[PDB]
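In what follows, every chain begins at residue 1, and chains take the letters A, B, ... in the order their sequences are listed. Below, each value reflects all heavy atoms present in this structure, side chains not excepted, and no hydrogens, waters or symmetry copies.
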There are 4 protein chains.
Amino acid sequence: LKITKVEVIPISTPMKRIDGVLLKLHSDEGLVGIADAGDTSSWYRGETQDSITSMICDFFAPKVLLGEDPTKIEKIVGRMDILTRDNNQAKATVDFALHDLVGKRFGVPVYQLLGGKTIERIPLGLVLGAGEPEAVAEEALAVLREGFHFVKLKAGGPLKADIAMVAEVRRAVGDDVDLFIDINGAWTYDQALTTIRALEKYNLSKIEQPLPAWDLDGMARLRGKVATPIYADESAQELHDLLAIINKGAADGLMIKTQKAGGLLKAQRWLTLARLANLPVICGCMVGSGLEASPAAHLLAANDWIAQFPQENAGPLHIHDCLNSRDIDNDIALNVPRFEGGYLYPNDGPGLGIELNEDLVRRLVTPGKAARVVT
Amino acid sequence: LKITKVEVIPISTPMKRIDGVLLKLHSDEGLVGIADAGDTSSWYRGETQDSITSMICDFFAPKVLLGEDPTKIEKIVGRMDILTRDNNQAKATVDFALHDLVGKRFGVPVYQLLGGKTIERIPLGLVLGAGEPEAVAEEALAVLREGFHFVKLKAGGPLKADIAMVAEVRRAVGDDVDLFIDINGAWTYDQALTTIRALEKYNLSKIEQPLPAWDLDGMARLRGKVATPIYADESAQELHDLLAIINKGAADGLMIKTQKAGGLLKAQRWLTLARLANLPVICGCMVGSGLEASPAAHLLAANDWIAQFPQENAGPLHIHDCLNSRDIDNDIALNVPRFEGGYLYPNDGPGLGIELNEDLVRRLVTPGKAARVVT
Amino acid sequence: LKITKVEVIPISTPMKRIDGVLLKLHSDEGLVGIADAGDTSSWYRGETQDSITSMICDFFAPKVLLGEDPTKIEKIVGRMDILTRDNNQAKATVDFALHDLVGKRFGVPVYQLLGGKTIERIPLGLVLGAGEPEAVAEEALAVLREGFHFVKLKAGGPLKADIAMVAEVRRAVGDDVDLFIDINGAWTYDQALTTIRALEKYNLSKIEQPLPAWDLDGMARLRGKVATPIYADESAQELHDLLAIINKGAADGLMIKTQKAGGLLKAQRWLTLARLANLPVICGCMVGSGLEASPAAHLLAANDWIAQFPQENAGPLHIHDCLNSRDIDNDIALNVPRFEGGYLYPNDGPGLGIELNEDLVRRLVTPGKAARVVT
Amino acid sequence: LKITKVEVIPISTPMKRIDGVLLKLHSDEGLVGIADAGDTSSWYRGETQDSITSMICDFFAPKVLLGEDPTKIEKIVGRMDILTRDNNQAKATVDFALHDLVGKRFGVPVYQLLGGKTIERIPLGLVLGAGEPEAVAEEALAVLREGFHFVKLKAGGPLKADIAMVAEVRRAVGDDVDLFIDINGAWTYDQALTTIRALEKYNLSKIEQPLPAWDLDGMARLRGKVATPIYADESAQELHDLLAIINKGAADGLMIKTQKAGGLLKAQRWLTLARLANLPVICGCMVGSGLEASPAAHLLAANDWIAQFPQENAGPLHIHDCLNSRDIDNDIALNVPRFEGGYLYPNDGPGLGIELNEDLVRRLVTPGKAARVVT
Ligand SMILES: [Ba+2]
Ligand SMILES: [Ba+2]
Ligand SMILES: [Ba+2]
Ligand SMILES: [Ba+2]
């Protein structure tokens with residue numbers, strides 16, 4: 001009923017390291033809302049363990065959270081946006097914890113707070129790791145054999161390397177497989193035009209964010225010079241970005257991340273615009289534990305618009321480098337959401353439905369750092 | 001955990017008559033979700049007791065509701081939209097009942113399902129009834145005396161009559177009172193320009209929907225030839241309408257109605273667009289009982305964006321011809337939400353927080369009609 | 001010379017059921033104007049037997065029709081539009097009966113009131129019934145043998161099924177046949193782009209309404225990614241919709257339905273915009289009797305613009321499961337308009353030129369329902 | 001049933017001379033459709049007695065009219081448009097006679113073919129003749145005394161002269177009188193800006209076509225620099241002109257002339273665009289007899305859109321230089337439409353309801369010219 005303690009724990013996870021943060025919102029009635037920010041990326045989000053910890057502990061905690069009723073999510077989300085510019089991941093982390101606390105308080109899974117369980121399970125697609133073309137092709141076949149619905153490749157370059165990678169993978173998987181690449185906005189306009197055209201013979205279902213996030217005119221110009229659908233990820237962050245994207249005709253589809261959107265509530269608003277745009281939405285993740293994947297799992301199962309498309313919320317599979325969750329027993333979440341046969345099933349327990357492995361969390365606290373508590 | 005019976009009751013409520021419909025969604029575990037569609041308007045909404053009854057009983061009931069889990073609001077709202085074009089009021093009614101049922105099932109007020117109680121009370125303004133200018137001016141003073149925050153006049157015409165009314169009211173109340181008029185989209189472009197300019201000396205705060213709902217280009221042209229702010233009501237119904245409004249610059253403010261939007265969930269999406277447009281929003285009502293006013297009361301108290309502006313959700317005051325709810329003793333709602341000092345307070349009981357006077361409901365069933373039940 | 005009673009009859013006609021309504025406008029001089037609303041579609045139009053019956057009987061009858069001169073069509077159509085939002089089908093029905101009454105009064109066929117008999121007969125195309133690809137291809141060949149001018153397929157999905165259907169039909173009919181599909185606005189942007197490109201090898205003449213009625217920006221964006229012409233049906237309802245379509249370049253062609261347009265008079269206005277846009281127009285129907293097909297038959301033979309293109313007004317052929325009218329003898333219309341050799345011939349008698357089988361009409365009254373009369 | 005003879009009579013009517021043409025479409029069953037093209041204007045329309053006579057007799061007659069069924073108005077109008085560019089007044093004349101013949105054949109007034117009699121009478125406004133401002137002011141007072149609804153002035157020039165005229169008239173008539181001026185597209189952009197601003201102190205209800213017909217950019221630019229509403233006349237001729245006007249926001253209102261539009265059918269289409277634009281429309285005339293006034297009289301009483309505004313169809317009052325029609329005995333129409341108390345009443349006889357004064361017609365044949373007949 002009242003938040004009385006805000007605790008931020010800096011953790012580092014090895015994968016085969018991921019620097020993230022865990023948040024605990026203690027209430028005056030025993031219940032504790034928890035959340036995992038997921039990995040931190042200087043280029044994709046621009047937030048770090050320390051920026052997230054300071055913004056939550058030095059600002060959100062004393063100015064918005066302490067003494068507040070956690071059920072007032074619209075209110076808190078609004079106050080955080082007024083108080084702070086950007087810091088989407090920090091805000092998202094708090095939002096996740098609030099929903100967890102509220103769900104625990106009302107005795108219901110978070111998807112019940114997000115509109116109900118629209119679908120029982122979420123079909124998933126997966127991104128492959130870097131490697132030699134022959135190796136990436138082998139990993140692709142393994143992903144498909146497991147049941148995944150699409151294969152996504154990262155395009156580091158040079159051109160010769162990207163072409164070789166795509167050609168080998170397409171050769172192995174066949175022409176019926178949904179195969180696309182992600183550029184992370186690394187190309188100049190000319191690079192994009194040249195490379196996308198050189199790849200046309202491989203029939204990729206789409207090209208994800210080929211140009212910089214801010215180059216909306218470029219994305220629109222590109223779409224008028226190439227056949228391959230162009231999806232926006234980094235470009236589609238805020239509500240006004242989405243408006244600009246539809247107005248400039250800068251995309252054929254969209255990617256979302258709960259941390260990019262700024263939280264579950266902000267994600268719902270984000271999805272309202274995607275719906276208005278009548279565009280497909282694929283949700284990814286900020287590589288993290290079973291707790292990091294939970295907010296999205298609940299959202300992807302509840303949101304009617306996003307419930308229409310295959311997803312990419314598979315942080316745990318990336319950290320534990322495997323294709324399903326039965327092959328995972330040392331995650332900070334004792335009960336990692338179920339990943340099976342290419343599908344994600346959201347947990348059904350109260351709140352986010354995650355029980356933390358407290359001893360592992362203690363063992364994974366970032367060397368040289370410590371948890372911070374605010375009351 | 002399942003809806004087993006859909007009941008629609010046609011009622012006629014005398015003023016000081018309002019033809020509407022009540023909805024009852026019976027679950028297999030005793031709980032019943034209730035809702036009041038409110039008044040029906042052929043020109044404002046285009047729906048009637050009969051259209052709502054048939055769309056709910058002949059379509060939504062067998063195809064979407066019966067046998068479904070009422071907590072799956074996102075899912076149900078989506079299916080109703082795919083199944084049926086328009087019929088926003090019928091859809092809203094179902095949405096209202098669902099939220100009421102879910103709230104009762106979870107033991108929480110609907111505002112908790114809409115993001116929490118952002119504000120404890122809602123400042124209200126009121127629309128005055130037709131009459132001689134002197135009489136209208138007197139009701140205005142009575143309204144302000146009670147604490148209400150603004151006075152809205154309905155402009156019926158002709159020109160000389162509209163000027164007389166506004167002139168008398170402005171004289172009576174003073175220059176520091178928020179006064180504005182509603183045209184309900186009755187003017188041709190020229191009439192608008194002429195009248196608005198003729199009224200300028202009275203410094204109205206705004207003109208509500210001067211042109212037809214579909215004339216967005218005209219609304220934009222108008223804002224180019226007059227000083228007075230132009231607000232859209234009938235023009236702002238669907239999500240794509242709001243997009244068009246912001247793209248064309250067809251409005252300085254917006255009017256919403258839960259029945260127009262299509263339900264609470266649809267209204268939340270509607271308000272996401274209002275937020276993006278950074279425009280004020282004033283919620284009205286389809287003149288009804290305390291039950292009709294409840295969904296809006298919950299939304300107006302929860303939604304962060306709309307919690308910033310004074311509202312106009314006061315149907316019970318109009319039916320019972322009073323300025324505060326202590327003076328209401330014969331409403332279908334045994335516990336009419338509190339209307340006091342110009343403020344609206346949402347009930348805090350589970351669901352919509354309304355207890356029906358089953359005896360009065362039976363007495364108000366529209367003559368010649370009967371309740372309909374579907375299993 | 002004066003409407004003295006409005007009668008609405010709810011009927012259900014079995015296939016080889018269709019729920020519609022019949023309208024009778026009795027005059028004080030013996031003449032009676034009749035009309036058939038045709039089938040009712042929750043998703044396509046949003047009107048039902050009850051909604052139409054109530055708007056006509058509870059609103060149009062006492063407020064606009066009773067005591068009025070039926071020849072004042074411009075006036076009545078205007079008042080109906082001021083009085084009621086949407087309800088296009090109900091309005092259309094009244095318009096049809098008025099034209100029938102005025103025609104009977106002047107002793108002339110309705111086409112004379114619509115500008116004269118521009119063409120003698122109307123070339124037709126036909127939509128095929130659902131079924132296995134092989135079965136649909138067989139029906140397609142039967143259709144072409146009778147003389148029909150094009151074959152339209154309803155695309156339901158999933159992708160593989162649509163491709164299978166189209167592939168098989170094209171194989172059987174050959175490359176010289178005009179073949180196209182109708183999506184009824186069921187696709188999201190990506191689905192459309194994907195499926196449309198996947199079907200290019202079958203050279204469809206066009207894709208009818210691939211995206212939602214409201215997604216004009218999507219329709220335009222789509223036209224920028226595919227070669228196949230894109231036609232609008234659901235998107236082209238009101239005059240302002242048509243304006244938006246020409247301004248946005250959202251279509252290569254249009255489809256109309258008298259019931260969608262809102263009546264014969266509004267259909268002429270609709271066609272004035274089609275002319276200005278210099279776009280082809282194919283008129284469909286709300287599947288019904290010879291009476292339902294008559295208003296459209298008169299319009300398609302009279303309107304100079306629409307008389308340039310093949311049409312799809314063949315409700316009686318669908319109800320009675322045949323390819324020509326000589327094979328019909330149990331329709332509510334004793335004299336069903338001539339459907340022969342792939343052409344539709346408007347009747348030449350006064351008004352709509354239809355004489356009802358009163359006995360069958362009484363036999364088809366919807367079980368549990370009853371005709372309504374207002375004086 | 002069939003047109004067997006086309007007759008065109010060149011006439012010159014002195015005023016208080018006007019060069020026009022009369023048309024007679026003879027049928028094989030005795031009935032004859034008649035029409036008066038009205039005055040000819042080289043600058044406003046660009047057609048003459050000779051151009052009209054030749055286009056009708058040398059082209060329309062042999063290629064479209066002779067041997068055709070006059071009831072096929074949509075067809076005939078379409079064929080004339082395909083066969084001939086421009087020549088709107090000639091096409092209009094033929095259209096007028098067709099409606100007259102059809103009305104005569106069916107035994108109904110033309111307004112019955114145009115949608116019925118929406119209004120009983122047409123409120124009128126009047127344009128004043130040139131002269132000294134004192135003289136113009138007296139004429140204005142007499143006009144208002146008769147009951148006319150507005151006063152229109154012609155802007156001759158230079159600026160000093162226009163100011164004096166407007167100031168004097170405005171002084172004599174009062175502030176509550178609808179007063180405006182017509183420039184006939186005679187100004188360059190700078191002239192308009194200057195004169196309109198110099199006239200702002202007189203509160204003219206609008207400025208009619210201040211810039212050239214083709215200068216739509218200028219009309220839009222002008223509205224961006226002055227408060228006075230700008231109406232389009234010469235700029236609003238064809239359907240595509242109307243579209244360009246609404247897209248560019250070049251007008252606050254519109255003026256129409258049946259001869260400019262190209263006939264009654266083309267006028268109805270013209271008015272459909274006016275309706276879509278939600279703009280007022282004032283119909284003028286090409287100074288002529290009671291026969292020239294008849295087509296418009298029927299149209300202004302029938303068309304629902306134009307029946308909303310005061311009109312300026314008063315040819316006979318100009319030719320006979322009077323304020324009502326009781327004082328008219330020597331017009332080529334024996335029964336001039338009733339012009340009384342500032343209102344115009346359409347005739348109720350078959351067709352256009354006009355009987356020609358054959359003796360006067362022969363007396364008015366243009367000196368040196370003769371009637372032309374084609375079979
Ligand atoms: Ba990316
Ligand atoms: Ba309103
Ligand atoms: Ba369709
Ligand atoms: Ba002029």
Just wondering, do A:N303 and A:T118 contact through their side chains at under 4.5 Å, heavy atoms? no

Can you tell me if A:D182 uses its side chain to pair, donor with acceptor, with the backbone of A:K152 under 3.5 Å? no

A:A274 and A:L254 have their tightest heavy-atom pair at CB-CD1, 4.0 Å

Side chains of A:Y111 and A:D348: closer than 4.5 Å at any heavy-atom pair? yes

Does A:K266 reach the main-chain N or O of A:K260 with its side chain, forming a donor-acceptor pair under 3.5 Å? no

Treating A:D252 as the side-chain partner and A:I230 as the backbone partner, does any N or O pair qualify as donor plus acceptor under 3.5 Å? yes

Does a side-chain heavy-atom distance below 4.5 Å link A:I207 with A:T195? no

With a sphere of 6.0 Å drawn around CZ of A:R363, does it hold more than 12 non-hydrogen atoms of other residues, nucleotides or ligands? yes

Counting distance only, does the side-chain N/O of B:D69 pair as donor-acceptor with the main-chain N or O of B:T71 below 3.5 Å? yes

Set out, in order, the CA-CA distance, both residues' side-chain angles and the distance that settles side chain to side chain contact (heavy atoms under 4.5 Å, CB included) for A:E238 and A:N88, then state yes or no. CA-CA 10 Å; A:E238 308 296 331; A:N88 295 46; 2.9 Å; yes

For A:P316 and A:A293, the nearest pair of non-hydrogen atoms, with its separation, is CD-CB, 3.8 Å

Report the distance from atom CE of A:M255 to atom NZ of A:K257, rounding to the nearest 0.5 Å. 7.5 Å

Taking every heavy atom of A:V177 against every heavy atom of A:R170, the minimum-distance pair comes out as O-NH1, 3.8 Å

Given 3.5 Å as the limit, does a donor-acceptor pair link the side chain of A:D19 with the main chain of A:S12, or not? no

Short N-O contact, A:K104 and A:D100, less than 4.0 angstrom: yes

More than 12 heavy atoms of other groups within 6.0 Å of C:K225 NZ: yes

Taken to the nearest 0.5 Å, the spacing of A:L98 CG from A:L265 CG works out to 10.0 Å

Rounded to the nearest 0.5 Å, how far does CG of A:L23 lie from OG1 of A:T53? 9.5 Å

Separation between CD (A:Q49) and CG (A:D39), nearest 0.5 Å, reads 9.5 Å

Minimum-distance pair of heavy atoms, taken over all atoms of A:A261 and A:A267: CB-CA, 3.9 Å

Only pairs at least two apart or in different chains count here, so list each ring-ring contact (aromatic ring centres under 6.0 Å, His included) that has a residue in residues 262-282 of chain A. none

Is it the case that the side chain of A:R121 and the backbone of A:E340 share a donor-acceptor pair, with hydrogens and angles ignored and the cut-off at 3.5 Å? no

Using modelled atom types only, decide if a donor and an acceptor are shared between the side chain of A:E292 and the backbone of A:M286 within a distance under 3.5 Å. yes

Can you tell if the side chain of A:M219 reaches within under 4.5 Å of the side chain of A:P210, non-hydrogen atoms only? yes

If we only count heavy atoms from C-beta on, is the A:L364 to A:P14 side-chain gap below 4.5 Å? yes

Listed once per pair and sorted, the ring-ring contact (aromatic ring centres under 6.0 Å, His included) pairs that draw on residues 326-349 of chain A, sequence neighbours left out: A:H149-A:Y343

Could you give the distance from CG (C:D217) to CG (C:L222), rounded to the nearest 0.5 Å? 12.5 Å

Quick one, A:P337 and A:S294 - any side-chain contact, counting heavy atoms below 4.5 Å? yes

Side chain A:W305, main chain A:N278, donor-acceptor under 3.5 Å: no

Quick one: which of A:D304, A:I306, A:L114 gives a side-chain contact (heavy atoms from CB on, under 4.5 Å) with B:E74? A:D304

Charged N to carboxylate O below 4.0 Å: is that the case for A:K369 and A:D50? yes

Side chain to side chain contact (heavy atoms under 4.5 Å, CB included) between A:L22 and A:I34, intermediate numbers included: CA-CA 7 Å; A:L22 300 186; A:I34 66 174; over 6 Å; no

Non-hydrogen side-chain atoms of A:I181 and A:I183 separated by less than 4.5 Å: yes

Sole candidate of A:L126, A:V173, A:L179, A:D178 that passes side-chain contact (heavy atoms from CB on, under 4.5 Å) when paired with A:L144: A:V173

Considering residues, nucleotides and ligands other than A:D190, do more than 12 of their heavy atoms fall under 6.0 Å from its CG? yes

Between A:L352 and A:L291, is the side chain to side chain contact (heavy atoms under 4.5 Å, CB included) condition met? List the steps. CA-CA 8 Å; A:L352 293 176; A:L291 176 60; 3.7 Å; yes

One thing to verify: whether A:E358 and A:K24 come together as a salt bridge, which I'm taking to mean a side-chain N less than 4.0 angstrom from a carboxylate O. yes

Polar side-chain atom of A:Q89 near backbone of A:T40 as donor-acceptor pair, under 3.5 Å: no

Nearest non-hydrogen partners of A:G262 and A:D95, listed with the distance: O-CB, 4.4 Å

For the pair C:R197 and C:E200, find out whether any cationic side-chain nitrogen is under 4.0 Å from an anionic carboxylate oxygen. no

Main-chain N/O of A:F309 paired with A:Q311 side-chain donor or acceptor, under 3.5 Å: yes

Evaluate the side chain to side chain contact (heavy atoms under 4.5 Å, CB included) criterion for residues A:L271 and B:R269: first the C-alpha distance (whole Å), next the side-chain angles of each, then the deciding distance (0.1 Å), finally the verdict. CA-CA 9 Å; A:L271 291 163; B:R269 296 175 179 167; over 6 Å; no

Atom CG of A:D233 and atom CD1 of A:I282: how far apart are they, to the nearest 0.5 Å? 10.0 Å

Pick one: which of A:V136, A:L204, A:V127 meets side-chain contact (heavy atoms from CB on, under 4.5 Å) with A:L153? A:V136

Check: A:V365 and A:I9 side chains under 4.5 Å, non-hydrogen atoms: yes

Minimum heavy-atom separation for A:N357 to A:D331, with atom names? CB-O, 3.9 Å

